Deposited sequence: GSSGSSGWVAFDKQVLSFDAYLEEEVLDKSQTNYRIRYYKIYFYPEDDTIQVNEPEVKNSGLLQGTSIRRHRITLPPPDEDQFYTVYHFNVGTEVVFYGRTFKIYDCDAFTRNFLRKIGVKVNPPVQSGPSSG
């Protein structure tokens, strides 16, 4: 034991969400861009907005699937281009991921979806 191997490097997905503020009957919005990191070593997830400010990040931890599956956690198999994920009630729309991540997904048998 003790061999040096970085075979559990984080997978990264580019996502966005619309912050939709309901002002009476009118809904205004802005688009916010995030990088979603998935750590294969412990199946934890972390989210950060590359750009008192609220909603800029989600700490590294295992995130439960939304209801009615809160007894389970998100796995790497739940992520793909053109797929939506829900963290703390907010819907993140994944639209891309880098080559390293695309290669990893291919290695685990996942077919990455076409551009959104």
Lining up the deposited sequence with the coordinates, I want the ranges that have no C-alpha atoms. 1-5, 57-61, 127-133
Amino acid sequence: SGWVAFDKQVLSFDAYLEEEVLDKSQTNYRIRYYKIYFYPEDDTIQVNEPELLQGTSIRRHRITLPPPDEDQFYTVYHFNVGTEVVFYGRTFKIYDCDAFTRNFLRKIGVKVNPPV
From here on, numbers count along this sequence of modelled residues.
Stretch exceeding the other in mean C-alpha B-factor - 80-88, 25-33: 25-33
Should the higher mean CA B-factor in the entry be assigned to 98-106 or to 14-22? 14-22
Going by the recorded CA B-factors, say which third of the chain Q46 sits in, lowest, middle or highest. lowest
CA B-factor ranking of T64, expressed as a third of its chain: lowest
Relative to the other modelled residues of the same chain, rank the CA B-factor of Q72 and answer lowest, middle or highest third. highest
